[PDB]
$ cat upload07.cif   # mmCIF, C-alpha atoms and all ligand atoms
data_final
loop_
_atom_site.label_atom_id
_atom_site.label_comp_id
_atom_site.auth_asym_id
_atom_site.auth_seq_id
_atom_site.Cartn_x
_atom_site.Cartn_y
_atom_site.Cartn_z
CA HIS A 4 209.33 216.53 178.41
CA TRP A 5 210.59 215.10 181.69
CA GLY A 6 213.50 212.72 181.94
CA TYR A 7 216.72 212.05 183.81
CA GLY A 8 219.17 214.37 182.03
CA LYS A 9 220.79 217.54 183.29
CA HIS A 10 218.10 219.74 181.71
CA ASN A 11 214.94 217.67 182.33
CA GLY A 12 215.82 215.48 185.33
CA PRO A 13 214.58 215.24 188.91
CA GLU A 14 215.70 218.77 189.84
CA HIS A 15 213.38 220.12 187.10
CA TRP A 16 210.26 218.04 187.70
CA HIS A 17 208.67 220.40 190.22
CA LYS A 18 208.00 222.99 187.50
CA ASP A 19 205.47 220.72 185.76
CA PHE A 20 204.55 218.65 188.85
CA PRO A 21 204.70 220.90 191.91
CA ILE A 22 203.84 217.98 194.19
CA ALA A 23 207.52 217.07 193.69
CA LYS A 24 208.07 219.25 196.76
CA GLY A 25 205.13 217.75 198.66
CA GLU A 26 204.82 216.24 202.12
CA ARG A 27 205.08 212.52 201.27
CA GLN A 28 207.45 212.18 198.31
CA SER A 29 209.45 209.09 197.32
CA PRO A 30 212.01 207.65 197.39
CA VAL A 31 213.60 208.21 200.82
CA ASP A 32 216.66 207.09 202.70
CA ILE A 33 215.79 204.23 205.06
CA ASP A 34 217.71 204.93 208.28
CA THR A 35 217.67 201.46 209.84
CA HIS A 36 218.41 202.70 213.35
CA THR A 37 215.49 205.18 213.22
CA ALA A 38 212.93 202.82 211.67
CA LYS A 39 210.71 201.40 214.41
CA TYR A 40 209.79 197.74 214.71
CA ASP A 41 205.98 197.54 214.66
CA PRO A 42 204.82 194.16 216.05
CA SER A 43 201.27 194.92 214.86
CA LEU A 44 202.36 194.75 211.21
CA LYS A 45 201.01 191.59 209.59
CA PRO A 46 203.10 189.40 207.28
CA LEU A 47 202.92 190.32 203.62
CA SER A 48 200.70 188.16 201.45
CA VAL A 49 202.09 187.86 197.91
CA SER A 50 199.73 185.73 195.80
CA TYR A 51 201.27 185.54 192.32
CA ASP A 52 200.44 181.94 191.37
CA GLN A 53 197.83 183.08 188.79
CA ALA A 54 199.84 186.03 187.43
CA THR A 55 199.19 186.64 183.70
CA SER A 56 201.93 188.70 182.04
CA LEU A 57 201.10 190.38 178.72
CA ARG A 58 203.80 192.61 177.20
CA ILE A 59 207.24 194.05 177.83
CA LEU A 60 207.78 197.64 176.74
CA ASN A 61 210.44 200.33 176.58
CA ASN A 62 208.57 203.47 177.61
CA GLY A 63 211.52 205.82 177.24
CA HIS A 64 212.17 205.99 180.99
CA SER A 65 212.40 202.29 181.95
CA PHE A 66 211.19 198.96 180.67
CA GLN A 67 208.10 197.40 182.15
CA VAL A 68 206.29 194.08 182.07
CA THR A 69 202.51 194.48 182.18
CA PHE A 70 199.97 192.08 183.63
CA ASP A 71 196.28 191.33 183.21
CA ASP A 72 194.70 193.25 186.09
CA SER A 73 191.06 192.72 185.04
CA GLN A 74 190.68 190.02 187.72
CA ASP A 75 192.28 189.16 191.07
CA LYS A 76 195.03 187.02 189.53
CA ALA A 77 198.22 188.40 191.11
CA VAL A 78 197.54 190.33 194.30
CA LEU A 79 199.29 191.84 197.29
CA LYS A 80 197.51 191.86 200.66
CA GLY A 81 198.38 192.01 204.33
CA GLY A 82 201.42 193.74 205.71
CA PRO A 83 200.35 197.35 206.32
CA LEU A 84 197.58 197.11 203.73
CA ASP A 85 193.81 196.97 203.98
CA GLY A 86 192.11 195.28 201.10
CA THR A 87 193.43 193.85 197.90
CA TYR A 88 195.97 195.31 195.47
CA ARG A 89 196.28 193.93 191.93
CA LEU A 90 199.65 193.67 190.18
CA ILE A 91 199.61 195.90 187.08
CA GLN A 92 203.28 196.07 186.04
CA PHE A 93 206.84 195.88 187.20
CA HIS A 94 209.85 197.90 186.09
CA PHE A 95 213.38 198.74 187.22
CA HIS A 96 215.63 201.67 188.02
CA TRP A 97 219.36 201.23 187.56
CA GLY A 98 222.69 203.00 187.37
CA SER A 99 225.59 203.60 185.03
CA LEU A 100 227.81 201.88 187.63
CA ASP A 101 227.20 199.22 190.27
CA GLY A 102 227.46 201.76 193.12
CA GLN A 103 224.30 203.62 192.14
CA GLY A 104 220.91 202.96 190.61
CA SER A 105 218.45 202.32 193.41
CA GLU A 106 215.93 204.97 194.39
CA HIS A 107 215.55 204.06 198.03
CA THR A 108 218.78 203.90 199.99
CA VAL A 109 219.57 202.08 203.24
CA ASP A 110 221.67 204.05 205.70
CA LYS A 111 222.59 206.13 202.61
CA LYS A 112 223.84 203.00 200.78
CA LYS A 113 222.83 202.79 197.11
CA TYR A 114 222.14 199.49 195.38
CA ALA A 115 222.90 198.79 191.72
CA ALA A 116 219.19 198.75 190.80
CA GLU A 117 215.70 198.61 192.24
CA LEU A 118 212.68 196.57 191.16
CA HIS A 119 209.19 198.05 191.57
CA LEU A 120 206.15 195.76 191.47
CA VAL A 121 203.21 198.16 191.10
CA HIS A 122 199.78 197.23 192.52
CA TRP A 123 196.50 199.15 192.83
CA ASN A 124 193.68 198.96 195.36
CA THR A 125 190.71 197.13 193.85
CA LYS A 127 188.22 199.22 195.80
CA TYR A 128 188.91 202.07 193.35
CA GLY A 129 188.02 200.06 190.24
CA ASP A 130 190.85 201.08 187.93
CA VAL A 131 194.41 202.31 188.30
CA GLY A 132 193.52 205.77 187.01
CA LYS A 133 191.14 206.27 189.93
CA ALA A 134 193.57 204.66 192.38
CA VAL A 135 196.33 207.15 191.61
CA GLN A 136 194.05 209.91 192.88
CA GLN A 137 193.75 208.33 196.33
CA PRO A 138 196.18 208.37 199.27
CA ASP A 139 195.89 204.57 199.63
CA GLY A 140 195.44 203.83 195.94
CA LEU A 141 198.68 202.00 195.13
CA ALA A 142 201.09 199.64 196.85
CA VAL A 143 204.58 199.31 195.39
CA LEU A 144 206.78 196.41 196.44
CA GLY A 145 210.39 197.56 196.13
CA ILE A 146 213.26 195.08 195.91
CA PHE A 147 216.94 195.99 195.86
CA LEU A 148 219.35 194.46 193.36
CA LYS A 149 223.03 193.94 194.11
CA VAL A 150 225.60 192.65 191.65
CA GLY A 151 226.79 189.13 192.39
CA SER A 152 225.45 185.79 191.22
CA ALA A 153 222.86 185.73 188.45
CA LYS A 154 219.15 185.70 189.24
CA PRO A 155 217.69 182.83 187.17
CA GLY A 156 214.14 184.19 187.37
CA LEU A 157 215.33 187.44 185.78
CA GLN A 158 216.99 185.85 182.76
CA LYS A 159 213.88 185.58 180.59
CA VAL A 160 213.55 189.36 180.93
CA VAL A 161 217.21 189.90 180.07
CA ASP A 162 216.81 187.62 177.04
CA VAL A 163 214.17 189.83 175.39
CA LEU A 164 215.70 193.29 175.98
CA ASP A 165 217.35 193.17 172.54
CA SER A 166 213.90 193.41 170.97
CA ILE A 167 212.82 196.58 172.86
CA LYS A 168 216.03 198.59 172.62
CA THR A 169 214.41 201.97 171.93
CA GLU A 170 211.48 204.02 173.23
CA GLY A 171 208.13 202.71 172.00
CA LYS A 172 209.19 199.14 171.26
CA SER A 173 207.16 196.36 172.90
CA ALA A 174 207.11 192.58 172.68
CA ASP A 175 205.00 189.64 173.75
CA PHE A 176 205.95 188.54 177.23
CA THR A 177 203.36 185.98 178.26
CA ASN A 178 203.81 183.21 180.83
CA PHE A 179 206.38 185.09 182.90
CA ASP A 180 206.35 184.17 186.60
CA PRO A 181 207.20 187.21 188.77
CA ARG A 182 207.70 184.97 191.82
CA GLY A 183 211.17 184.31 190.39
CA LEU A 184 212.21 187.88 191.20
CA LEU A 185 211.56 187.69 194.97
CA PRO A 186 214.17 187.18 197.68
CA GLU A 187 213.74 184.47 200.32
CA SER A 188 212.59 186.77 203.13
CA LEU A 189 209.52 188.99 203.00
CA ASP A 190 210.71 191.18 205.91
CA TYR A 191 210.04 194.80 204.95
CA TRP A 192 210.10 198.50 205.77
CA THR A 193 206.95 200.50 205.05
CA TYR A 194 206.04 204.19 204.83
CA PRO A 195 203.53 206.41 202.98
CA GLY A 196 204.95 207.97 199.82
CA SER A 197 204.52 208.76 196.14
CA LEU A 198 205.17 207.64 192.61
CA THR A 199 208.85 208.27 191.91
CA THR A 200 208.16 209.44 188.36
CA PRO A 201 205.78 212.14 187.15
CA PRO A 202 203.01 212.73 188.06
CA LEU A 203 204.66 211.98 191.45
CA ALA A 204 201.19 211.37 192.92
CA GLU A 205 201.11 210.85 196.69
CA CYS A 206 199.15 207.63 196.41
CA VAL A 207 201.63 204.87 197.32
CA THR A 208 202.02 202.66 200.35
CA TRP A 209 205.69 201.72 199.98
CA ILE A 210 206.75 198.22 201.02
CA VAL A 211 210.53 197.84 200.66
CA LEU A 212 212.04 194.42 201.23
CA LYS A 213 215.02 194.11 203.57
CA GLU A 214 216.74 191.36 201.59
CA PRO A 215 218.14 192.31 198.16
CA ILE A 216 218.28 189.89 195.26
CA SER A 217 221.59 189.27 193.49
CA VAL A 218 221.92 189.74 189.73
CA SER A 219 224.97 189.09 187.61
CA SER A 220 227.10 191.75 185.96
CA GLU A 221 226.00 190.34 182.57
CA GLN A 222 222.35 190.77 183.54
CA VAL A 223 222.69 194.37 184.68
CA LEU A 224 224.93 195.13 181.70
CA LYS A 225 222.01 194.23 179.43
CA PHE A 226 219.83 196.80 181.25
CA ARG A 227 222.46 199.44 180.45
CA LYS A 228 222.34 198.70 176.70
CA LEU A 229 218.74 199.93 176.42
CA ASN A 230 218.10 203.38 174.93
CA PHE A 231 216.21 206.41 176.26
CA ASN A 232 215.81 207.55 172.65
CA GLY A 233 213.53 206.26 169.96
CA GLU A 234 214.80 204.39 166.93
CA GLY A 235 216.66 206.60 164.46
CA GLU A 236 217.52 209.29 167.02
CA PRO A 237 220.95 209.93 168.58
CA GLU A 238 221.65 207.06 170.94
CA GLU A 239 221.43 207.88 174.64
CA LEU A 240 221.96 204.83 176.84
CA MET A 241 219.17 204.24 179.38
CA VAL A 242 221.20 204.42 182.61
CA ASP A 243 220.74 206.34 185.87
CA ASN A 244 216.94 206.47 185.51
CA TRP A 245 216.54 206.90 189.27
CA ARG A 246 215.16 209.71 191.42
CA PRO A 247 217.34 210.49 194.46
CA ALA A 248 216.14 210.30 198.05
CA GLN A 249 213.66 213.00 199.10
CA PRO A 250 213.09 214.63 202.50
CA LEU A 251 211.28 212.34 204.93
CA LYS A 252 209.42 215.31 206.50
CA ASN A 253 206.64 214.21 208.91
CA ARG A 254 206.88 210.45 208.35
CA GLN A 255 208.06 207.41 210.29
CA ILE A 256 209.34 204.30 208.55
CA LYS A 257 208.09 201.13 210.22
CA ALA A 258 209.84 197.75 210.13
CA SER A 259 208.16 194.34 210.10
CA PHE A 260 211.21 192.79 211.76
CA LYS A 261 213.48 193.41 214.71
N1 LIG B 301 208.61 204.37 190.01
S1 LIG B 301 207.13 204.01 190.77
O1 LIG B 301 206.94 204.80 192.00
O2 LIG B 301 207.01 202.61 191.23
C1 LIG B 301 205.73 204.41 189.70
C2 LIG B 301 205.72 205.80 189.09
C3 LIG B 301 204.73 206.14 188.31
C4 LIG B 301 203.61 205.14 188.02
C5 LIG B 301 202.44 205.59 187.16
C6 LIG B 301 202.63 206.46 186.10
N2 LIG B 301 201.56 206.88 185.38
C7 LIG B 301 200.32 206.49 185.71
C8 LIG B 301 199.23 206.93 184.95
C9 LIG B 301 197.94 206.53 185.28
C10 LIG B 301 197.73 205.69 186.35
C11 LIG B 301 198.82 205.24 187.09
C12 LIG B 301 200.11 205.64 186.78
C13 LIG B 301 201.18 205.20 187.51
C14 LIG B 301 203.61 203.95 188.56
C15 LIG B 301 204.77 203.54 189.47
ZN ZN B 302 209.72 202.73 189.86
#

$ encode --input "upload07.cif" --output "structure tokens"
Amino acid sequence: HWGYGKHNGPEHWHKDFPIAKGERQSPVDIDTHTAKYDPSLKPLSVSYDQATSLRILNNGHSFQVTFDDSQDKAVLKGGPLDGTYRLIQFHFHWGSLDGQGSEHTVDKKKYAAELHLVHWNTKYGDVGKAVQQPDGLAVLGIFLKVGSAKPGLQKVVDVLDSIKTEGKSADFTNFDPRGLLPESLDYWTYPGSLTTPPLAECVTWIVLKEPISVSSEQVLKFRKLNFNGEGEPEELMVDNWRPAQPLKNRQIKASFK
């Protein structure tokens, strides 16, 4: 099936998911001089104080932390959004080297990794229905650069040993995702897609201007995870990112001047 290797990677996905060549695909390059400041954009509202994490899991393409989304516990509102989006999971994309790994780029610059906090629009009732709607999901994207450690990320790094291979999961309760956010909530926003199959064009992208810094030891532990399942030939989980896609008939808006 699909992956990130030479024979099943992003250049192959369109054969099983022809929307890969669609009109609003993600990620994209964010050209900061062409993005337009939109003074009508509201401030983001990130309400994570009641977030209830459940599990952390290696799904063979990334690792993700899942949340209880059966109530309005951790929600994203405001910014470009109408209505209320519940946090379902977060995951990362990262590189084999510090100079690559992010999916979005900024003036063609690549960051060492990118964090995706995935939310879905409660008016559609469940995430499966939301992914079939043009305004069904809202993904908050946060760049990672290598520098000082991010203390709020360390509890995630600590547990990666226990989910080395595809299919492994572990308890990951009482994790506070507010510890992954940068200081500023300034953002770029554009309509796009999931960046993995099924590549559904259901995502309002909200990409934060300010990266977070993580330490080389923290990102190194990402790179020790495995694409493969236990007992199979070891393939390190690195470079699980989709490259920038054509912007086509879209404008990126900025919340800040
Ligand atoms: N990398 S990303 O754009 O943030 C991303 C990519 C794919 C998903 C995803 C995958 N499978 C799904 C199946 C059912 C419902 C929602 C899904 C979302 C969710 C998030
Ligand atoms: Zn992602």

$ atom_distance --input "upload07.cif" --atom1 "atom CA of residue 16 of chain A" --atom2 "atom CA of residue 204 of chain A"
12.4 Å

$ closest_residue --input "upload07.cif" --among "A:11, A:55, A:197, A:137" --to "residue 73 of chain A" --atoms "only C-alpha atoms"
A:55

$ closest_residue --input "upload07.cif" --among "A:105, A:85, A:239, A:67" --to "residue 160 of chain A" --atoms "all atoms listed in the file"
A:67

$ atom_distance --input "upload07.cif" --atom1 "atom CA of residue 19 of chain A" --atom2 "atom ZN of ligand ZN 302 (chain B)"
18.9 Å

$ residues_near_ligand --input "upload07.cif" --ligand "ligand LIG 301 (chain B)" --cutoff "10 Å" --atoms "all atoms listed in the file" --output "ChimeraX atom specification"
/A:28-30,64-65,91-96,106,117-123,130-136,140-145,196-209,244-246

$ residues_around --input "upload07.cif" --residues "residue 169 of chain A" --least-positions-apart "5" --cutoff "9 Å" --atoms "only C-alpha atoms" --output "number ranges by chain"
A: 61-63, 229-234, 238

$ write_last_selection --input "upload07.cif" --atoms "C-alpha atoms" --output "PDB file, keeping the file's coordinate frame"
ATOM      1  CA  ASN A  61     210.440 200.330 176.580  1.00  0.00           C
ATOM      2  CA  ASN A  62     208.570 203.470 177.610  1.00  0.00           C
ATOM      3  CA  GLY A  63     211.520 205.820 177.240  1.00  0.00           C
ATOM      4  CA  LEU A 229     218.740 199.930 176.420  1.00  0.00           C
ATOM      5  CA  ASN A 230     218.100 203.380 174.930  1.00  0.00           C
ATOM      6  CA  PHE A 231     216.210 206.410 176.260  1.00  0.00           C
ATOM      7  CA  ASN A 232     215.810 207.550 172.650  1.00  0.00           C
ATOM      8  CA  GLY A 233     213.530 206.260 169.960  1.00  0.00           C
ATOM      9  CA  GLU A 234     214.800 204.390 166.930  1.00  0.00           C
ATOM     10  CA  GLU A 238     221.650 207.060 170.940  1.00  0.00           C
TER      11      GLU A 238
END

$ residues_around --input "upload07.cif" --residues "residue 40 of chain A" --least-positions-apart "3" --cutoff "6 Å" --atoms "all atoms listed in the file" --output "PyMOL selection string"
chain A and resi 257-261
